[PDB]
């Protein structure tokens, strides 16, 4: 009756537009936590190799799968840091296309649907431009001292983000059948 956060937590009734999101990393963290797929526990993947910190809460969507064999990642904008392992309701407001070490790794940019400040945003264009620059720079830089290259491209609108999410929902459901 205790849930594995990727398999057992539901994506939520309003998916793909509104979805449960499991936080892995807190805003301001230098610790890169990640879900351990096997156990469903949080593990330290690494300490970041630069004096950088995550600009926002970061995690993944339960019952999603991508071509890299992991759930779909999400950056969640909100007033407050959230603890790793806790889940929240998020609305997608953009897609951030990236290439990490030659491999495609697009990520959702979302807001917390239960944050009174942020829940009213629907589109990444409504954010201050500096914010977007800060996010882009973070992803370009956070693995630089590991001699890894991350290319970050122009963000794409919510309708693209939501298609990405629906596609990962499909890929997950297709993986669950075989098992």
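Residue numbers count along the first chain shown, from 1.
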| message | Using only C-alpha atoms and the B-factors in the entry, which stretch averages higher, 47-55 or 138-146? | response | 138-146
| Stretch with the higher entry mean CA B-factor, where the candidates are 100-108 and 87-95 | 100-108
| task | Specify which of 21, 25, 15, 171 carries the largest Cα B factor in the deposited PDB entry. | result | 171
| task | Just grab whichever of 113, 31, 66, 61 has the top CA B-factor as deposited. | result | 66
| remark: residue 152: CA B-factor among chain residues, third -> highest
